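Notes for the one structure printed next.
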Amino acid sequence: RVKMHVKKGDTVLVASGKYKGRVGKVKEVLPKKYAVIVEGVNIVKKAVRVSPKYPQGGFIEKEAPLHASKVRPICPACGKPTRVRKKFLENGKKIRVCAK
Amino acid sequence: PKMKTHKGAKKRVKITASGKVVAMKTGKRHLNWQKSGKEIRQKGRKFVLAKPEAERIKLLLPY
Amino acid sequence: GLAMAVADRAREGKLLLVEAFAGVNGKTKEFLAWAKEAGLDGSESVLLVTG
RNA sequence: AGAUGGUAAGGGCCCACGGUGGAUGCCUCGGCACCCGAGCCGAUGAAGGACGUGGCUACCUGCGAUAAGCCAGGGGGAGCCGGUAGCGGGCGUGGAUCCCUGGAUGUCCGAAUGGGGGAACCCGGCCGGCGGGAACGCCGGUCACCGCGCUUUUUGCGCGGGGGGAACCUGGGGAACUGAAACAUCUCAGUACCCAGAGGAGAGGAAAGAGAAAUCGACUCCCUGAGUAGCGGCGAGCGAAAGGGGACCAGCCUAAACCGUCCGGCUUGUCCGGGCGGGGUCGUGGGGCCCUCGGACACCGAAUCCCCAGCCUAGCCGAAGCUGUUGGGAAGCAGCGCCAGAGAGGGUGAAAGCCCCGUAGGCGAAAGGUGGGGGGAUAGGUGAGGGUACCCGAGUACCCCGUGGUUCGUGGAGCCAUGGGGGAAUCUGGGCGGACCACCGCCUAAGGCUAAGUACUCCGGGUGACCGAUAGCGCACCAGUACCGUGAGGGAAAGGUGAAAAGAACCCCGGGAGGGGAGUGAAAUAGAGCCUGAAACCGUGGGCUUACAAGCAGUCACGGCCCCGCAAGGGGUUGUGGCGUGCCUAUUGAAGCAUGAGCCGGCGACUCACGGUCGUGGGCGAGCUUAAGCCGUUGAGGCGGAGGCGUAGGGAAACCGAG
Ligand SMILES: [Mg+2]
Ligand SMILES: [Mg+2]
Ligand SMILES: [Mg+2]
Ligand SMILES: [Mg+2]
Ligand SMILES: [Mg+2]
Ligand SMILES: [Mg+2]
Ligand SMILES: [Mg+2]
Ligand SMILES: [Mg+2]
Ligand SMILES: [Mg+2]
Ligand SMILES: [Mg+2]
Ligand SMILES: [Mg+2]
Ligand SMILES: [Mg+2]
Ligand SMILES: [Mg+2]
Ligand SMILES: [Mg+2]
Ligand SMILES: [Mg+2]
Ligand SMILES: [Mg+2]
Ligand SMILES: [Mg+2]
Ligand SMILES: [Mg+2]
Ligand SMILES: [Mg+2]
Ligand SMILES: [Mg+2]
Ligand SMILES: [Mg+2]
Ligand SMILES: [Mg+2]
Ligand SMILES: [Mg+2]
Ligand SMILES: [Mg+2]
Ligand SMILES: [Mg+2]
Ligand SMILES: [Mg+2]
Ligand SMILES: [Mg+2]
Ligand SMILES: [Mg+2]
Ligand SMILES: [Mg+2]
Ligand SMILES: [Mg+2]
Ligand SMILES: [Mg+2]
């Protein structure tokens, strides 16, 4: 509980470091470690694979998780905090001064 | 906590208004049999002390 | 000590006896503006005593 | 004939570099302390356990054969199938996972309770079901004991009890060391411990009180009274009360006389007794019965019950920034802005009010727990005068013998309690006011209940001139564990890679281990019990040095050799000469053949509380100062003269007083 945070799975900007300013859709969000997967931080893994099954695994430089605080949501206007407004029924969330 | 006044000493010694201690003359109750009228009279009056005066002060302090 | 302290700060010439308070409500902007015209640029710590 | 460089099997000193080892620094989920909140659980089976449960499960956690969980009501709004990745297979906006409330299931042990028992095992009776099911086995329900009321009897029916709890609480028992510089009375102490009981508290409690005021007015706790009164082998020591000031505030039911009634007993009566109802509850004495009053409408009003506010048990909203600049990484530096009832704190690759979480401020409950805070109802309760003299708590008061409590140790020894013996009275009664008498005066025993103020902290929260892994709880880490004991019981060590695992693919030596490349990284003497890495201790390389030498190992001088500097000079080494009895403790005296220390590193010893005494800084000064506590605050101060020290001493005291 309360583990919830900023954004979810959608468009997001990154003001981190090695990939500052960059932008991309957040494909994953692990709340336990409080970090999300985007398209910025991507490091090369040399390991063949931990599991013997499927001989080749990949020297892949896949996406590495990223602290969910360095990433910020976005809309028509670039980079905005998050306000919330209970709809005429539900509970949607509006940006700095616009909808959704 | 709270120094207890030495009752054994108060019942037998009163301090002067100044700072001196006074008590009755010793030897006058038992040894008696037929001593010179001087002795018995000399023993009638109280007296001052010296160093141990300070000692007995440190008892009747709250008093 | 209390009076002496007050008398000290006053002797230096800092004990101001205000009364006018354009600060209608609990809004910092108002005070910051009131203090600005009060001669309080913020370059000095102050003990704002008031009821 | 003479003279004097070289030589190192090894050793020494110094310098560089590594190994070992884990000090120091910094870090902190943990711990400590205080404050506030909250406070019982159990035969509807508790506390605490055993066994079992995941597709693959060793342990922890969760759960209980429906066994990482099932049903429903809320909360929440994208992810989820615990720590836990991987093989393998799924769930989620038709709103899951998670959190809060209720419910269901809940093996076997355990108060354990059908019986037995070496706890988690073994064996049954009664009813009903299952398998062909009479022998066998399984499943559901049920059967322990004790207490009280019902049951006329027997047997049954119902209600309760049992056990657990860190500390606190009451009652029944109850030490010794130690102090007294011995010891025996005393002290330690009614403490430790044992035992039974009670619940968020317990106890105590509406005067047979206190004690001298022709006064106060239950009880409990805090100031004070006071180290006073007293106690005491008058030794060591022990140690009240009244009164004043505060918190809190609360007062009630019954026994008896007397009336009705039901039951059974007999010596049959106008009665004895038991059960129930009415009546009655007092110390200006009260009540009963009869008479008179008009004696009814109101007046009092719960501690019990009903509704509600509020509160705990999940949560939600929530102001304000963007580009440059150095870097592995901005939040640092710069430039130009903004919010603030929010500039507390935490995180984000480093140093952030405006990035994330928050904070100020303000929202929220279907359900469950609390709730006189507010309101409502019910119980119960309210008067006068005269007469009558009926009643007012029994092996009790009272007295004596033995004793405990109290400040009271037999003291002149009362009072409160009571093991033994004797043993009354009912207001012309009876206790007490410190032996006794008298007078004056307080109070109504021998029946019970009563909130609050008070104590404690297993549990939750907040805070800290509290610790920071040899500290802090014994335990920051799967610790009451490993290990040690037959058993009570004893009881450790052990934390840190990095911003991210990007945890080093692939080649080479090798059996492996471990290395050398390469690669990741800002960093690899950050490379895996891996941050910082001190010291003892081990080792290689280099400078100087030593095989005719005698010693607390050093110091003083000269010289040679090696190294830094423009020079003079400074550093390392030691050839020769001079001089020289280690440290500590204990002692009249130690180099001592007196004690202690193998070496390094870390933990380790004059504190605090209250009271006293002198000095001292500072405020006030015949005055000075407040204590509990109330108000305020949320790291604010203020009020509060009850009380204490001082202004007069002297005497044993009556008393007198600059004497
Ligand atoms: Mg004479
Ligand atoms: Mg005094
Ligand atoms: Mg080397
Ligand atoms: Mg259980
Ligand atoms: Mg299995
Ligand atoms: Mg698992
Ligand atoms: Mg019958
Ligand atoms: Mg002894
Ligand atoms: Mg002895
Ligand atoms: Mg005693
Ligand atoms: Mg009580
Ligand atoms: Mg109090
Ligand atoms: Mg007291
Ligand atoms: Mg004592
Ligand atoms: Mg009655
Ligand atoms: Mg009545
Ligand atoms: Mg006595
Ligand atoms: Mg008796
Ligand atoms: Mg009574
Ligand atoms: Mg009570
Ligand atoms: Mg510290
Ligand atoms: Mg053994
Ligand atoms: Mg390093
Ligand atoms: Mg030299
Ligand atoms: Mg020694
Ligand atoms: Mg000797
Ligand atoms: Mg000496
Ligand atoms: Mg020696
Ligand atoms: Mg010796
Ligand atoms: Mg030795
Ligand atoms: Mg002192």
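Just so we're on the same page: first chain in the structure tokens is A, next is B, and so on; residues restart at 1 for each chain, and ligands are numbered from 1 in the order they show up.
For ligand 2, the protein and nucleic acid residues at most 9 Å away, judged by only C-alpha atoms (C1' of nucleotides) and all ligand atoms, amount to residues 62 and 63 of chain B; 226, 227, 228, 644 and 645 of chain D.
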Can I get the residues close to ligand 31 as a count of residues only, where close means within 9 Å and we count only C-alpha atoms (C1' of nucleotides) and all ligand atoms? 3
Environment of ligand 1 within 8 Å, counting only C-alpha atoms (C1' of nucleotides) and all ligand atoms, reported as a list in words: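 My answer, listing the contacting residues, is residues 40, 41 and 44 of chain B.
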Write out as a list in words which residues come within 9 Å of residue A:84 when counting only C-alpha atoms (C1' of nucleotides), dropping same-chain ones fewer than 6 positions away. residues 91, 92, 93, 94, 95 and 100 of chain A; 317 of chain D
Please produce a file of those selected residues containing N, CA, C and O atoms (P, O5', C5', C4', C3', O3' and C1' of nucleotides), as a PDB file, in the first residue's frame.
```pdb
ATOM      1  N   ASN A  91     -12.211   9.681 -11.168  1.00  0.00           N
ATOM      2  CA  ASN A  91     -11.038  10.301 -10.567  1.00  0.00           C
ATOM      3  C   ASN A  91      -9.859  10.350 -11.535  1.00  0.00           C
ATOM      4  O   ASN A  91      -8.914   9.572 -11.418  1.00  0.00           O
ATOM      5  N   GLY A  92      -9.927  11.267 -12.496  1.00  0.00           N
ATOM      6  CA  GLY A  92      -8.847  11.460 -13.447  1.00  0.00           C
ATOM      7  C   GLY A  92      -7.788  12.404 -12.913  1.00  0.00           C
ATOM      8  O   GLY A  92      -7.954  12.989 -11.842  1.00  0.00           O
ATOM      9  N   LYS A  93      -6.700  12.560 -13.660  1.00  0.00           N
ATOM     10  CA  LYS A  93      -5.599  13.416 -13.230  1.00  0.00           C
ATOM     11  C   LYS A  93      -5.199  14.418 -14.307  1.00  0.00           C
ATOM     12  O   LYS A  93      -4.858  14.038 -15.426  1.00  0.00           O
ATOM     13  N   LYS A  94      -5.242  15.701 -13.962  1.00  0.00           N
ATOM     14  CA  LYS A  94      -4.828  16.756 -14.881  1.00  0.00           C
ATOM     15  C   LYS A  94      -3.396  17.212 -14.604  1.00  0.00           C
ATOM     16  O   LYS A  94      -2.932  17.170 -13.466  1.00  0.00           O
ATOM     17  N   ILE A  95      -2.700  17.648 -15.648  1.00  0.00           N
ATOM     18  CA  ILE A  95      -1.323  18.114 -15.506  1.00  0.00           C
ATOM     19  C   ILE A  95      -1.233  19.478 -14.822  1.00  0.00           C
ATOM     20  O   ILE A  95      -2.129  19.867 -14.073  1.00  0.00           O
ATOM     21  N   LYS A 100      -5.450  15.688 -18.379  1.00  0.00           N
ATOM     22  CA  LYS A 100      -4.709  14.428 -18.483  1.00  0.00           C
ATOM     23  C   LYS A 100      -3.194  14.594 -18.372  1.00  0.00           C
ATOM     24  O   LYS A 100      -2.641  15.659 -18.645  1.00  0.00           O
TER      25      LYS A 100
ATOM     26  P     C D 317      -4.659  11.920  -3.717  1.00  0.00           P
ATOM     27  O5'   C D 317      -5.104  13.417  -3.400  1.00  0.00           O
ATOM     28  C5'   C D 317      -6.254  13.958  -4.030  1.00  0.00           C
ATOM     29  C4'   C D 317      -6.607  15.329  -3.507  1.00  0.00           C
ATOM     30  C3'   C D 317      -5.543  16.408  -3.636  1.00  0.00           C
ATOM     31  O3'   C D 317      -5.432  16.942  -4.943  1.00  0.00           O
ATOM     32  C1'   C D 317      -6.493  16.504  -1.486  1.00  0.00           C
TER      33        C D 317
END
```
Can you work out which residues are within 12 Å of ligand 24, considering only C-alpha atoms (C1' of nucleotides) and all ligand atoms, and then hand them over as a ChimeraX atom specification? /D:544,557-563,569-574
If you run DSSP on the backbone here, which positions in chain C get alpha helix (DSSP H)? Please write them as number ranges by chain. C: 2-11, 28-38
Take the residues from that selection and write them out as a PDB file, in the first residue's frame, keeping N, CA and C atoms.
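The result, written out as result34.pdb:
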```
ATOM      1  N   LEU C   2      14.845  40.364  30.742  1.00  0.00           N
ATOM      2  CA  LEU C   2      13.867  40.649  29.699  1.00  0.00           C
ATOM      3  C   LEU C   2      13.895  42.123  29.310  1.00  0.00           C
ATOM      4  N   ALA C   3      13.717  42.996  30.297  1.00  0.00           N
ATOM      5  CA  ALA C   3      13.727  44.433  30.057  1.00  0.00           C
ATOM      6  C   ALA C   3      15.075  44.878  29.508  1.00  0.00           C
ATOM      7  N   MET C   4      16.149  44.383  30.114  1.00  0.00           N
ATOM      8  CA  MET C   4      17.496  44.748  29.696  1.00  0.00           C
ATOM      9  C   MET C   4      17.719  44.417  28.228  1.00  0.00           C
ATOM     10  N   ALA C   5      17.267  43.237  27.818  1.00  0.00           N
ATOM     11  CA  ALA C   5      17.414  42.806  26.437  1.00  0.00           C
ATOM     12  C   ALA C   5      16.653  43.738  25.503  1.00  0.00           C
ATOM     13  N   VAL C   6      15.409  44.034  25.862  1.00  0.00           N
ATOM     14  CA  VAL C   6      14.584  44.939  25.076  1.00  0.00           C
ATOM     15  C   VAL C   6      15.232  46.316  25.008  1.00  0.00           C
ATOM     16  N   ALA C   7      15.682  46.802  26.159  1.00  0.00           N
ATOM     17  CA  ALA C   7      16.330  48.101  26.240  1.00  0.00           C
ATOM     18  C   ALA C   7      17.593  48.135  25.389  1.00  0.00           C
ATOM     19  N   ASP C   8      18.281  47.001  25.309  1.00  0.00           N
ATOM     20  CA  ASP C   8      19.494  46.907  24.510  1.00  0.00           C
ATOM     21  C   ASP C   8      19.183  47.073  23.032  1.00  0.00           C
ATOM     22  N   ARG C   9      18.335  46.192  22.517  1.00  0.00           N
ATOM     23  CA  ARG C   9      17.956  46.227  21.113  1.00  0.00           C
ATOM     24  C   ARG C   9      17.365  47.589  20.765  1.00  0.00           C
ATOM     25  N   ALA C  10      16.664  48.182  21.726  1.00  0.00           N
ATOM     26  CA  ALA C  10      16.073  49.502  21.542  1.00  0.00           C
ATOM     27  C   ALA C  10      17.145  50.586  21.534  1.00  0.00           C
ATOM     28  N   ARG C  11      18.130  50.440  22.414  1.00  0.00           N
ATOM     29  CA  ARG C  11      19.218  51.405  22.502  1.00  0.00           C
ATOM     30  C   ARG C  11      19.976  51.473  21.184  1.00  0.00           C
ATOM     31  N   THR C  28       1.677  35.318   2.973  1.00  0.00           N
ATOM     32  CA  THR C  28       3.054  35.784   3.096  1.00  0.00           C
ATOM     33  C   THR C  28       3.343  36.997   2.216  1.00  0.00           C
ATOM     34  N   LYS C  29       2.787  36.997   1.008  1.00  0.00           N
ATOM     35  CA  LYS C  29       2.989  38.102   0.078  1.00  0.00           C
ATOM     36  C   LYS C  29       2.673  39.436   0.738  1.00  0.00           C
ATOM     37  N   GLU C  30       1.549  39.481   1.443  1.00  0.00           N
ATOM     38  CA  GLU C  30       1.109  40.699   2.107  1.00  0.00           C
ATOM     39  C   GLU C  30       2.159  41.197   3.093  1.00  0.00           C
ATOM     40  N   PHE C  31       2.624  40.306   3.964  1.00  0.00           N
ATOM     41  CA  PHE C  31       3.624  40.677   4.959  1.00  0.00           C
ATOM     42  C   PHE C  31       4.915  41.122   4.290  1.00  0.00           C
ATOM     43  N   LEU C  32       5.339  40.369   3.282  1.00  0.00           N
ATOM     44  CA  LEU C  32       6.582  40.664   2.586  1.00  0.00           C
ATOM     45  C   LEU C  32       6.516  42.053   1.960  1.00  0.00           C
ATOM     46  N   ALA C  33       5.320  42.447   1.535  1.00  0.00           N
ATOM     47  CA  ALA C  33       5.105  43.778   0.982  1.00  0.00           C
ATOM     48  C   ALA C  33       5.010  44.819   2.095  1.00  0.00           C
ATOM     49  N   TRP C  34       4.324  44.464   3.176  1.00  0.00           N
ATOM     50  CA  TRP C  34       4.175  45.356   4.319  1.00  0.00           C
ATOM     51  C   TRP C  34       5.524  45.625   4.976  1.00  0.00           C
ATOM     52  N   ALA C  35       6.315  44.569   5.136  1.00  0.00           N
ATOM     53  CA  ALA C  35       7.642  44.683   5.723  1.00  0.00           C
ATOM     54  C   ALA C  35       8.572  45.466   4.805  1.00  0.00           C
ATOM     55  N   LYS C  36       8.385  45.300   3.501  1.00  0.00           N
ATOM     56  CA  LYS C  36       9.192  46.012   2.519  1.00  0.00           C
ATOM     57  C   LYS C  36       9.063  47.517   2.716  1.00  0.00           C
ATOM     58  N   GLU C  37       7.825  47.993   2.817  1.00  0.00           N
ATOM     59  CA  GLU C  37       7.572  49.408   3.057  1.00  0.00           C
ATOM     60  C   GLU C  37       7.793  49.766   4.523  1.00  0.00           C
ATOM     61  N   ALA C  38       7.947  48.743   5.359  1.00  0.00           N
ATOM     62  CA  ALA C  38       8.242  48.946   6.773  1.00  0.00           C
ATOM     63  C   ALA C  38       9.734  49.181   6.992  1.00  0.00           C
TER      64      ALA C  38
END
```
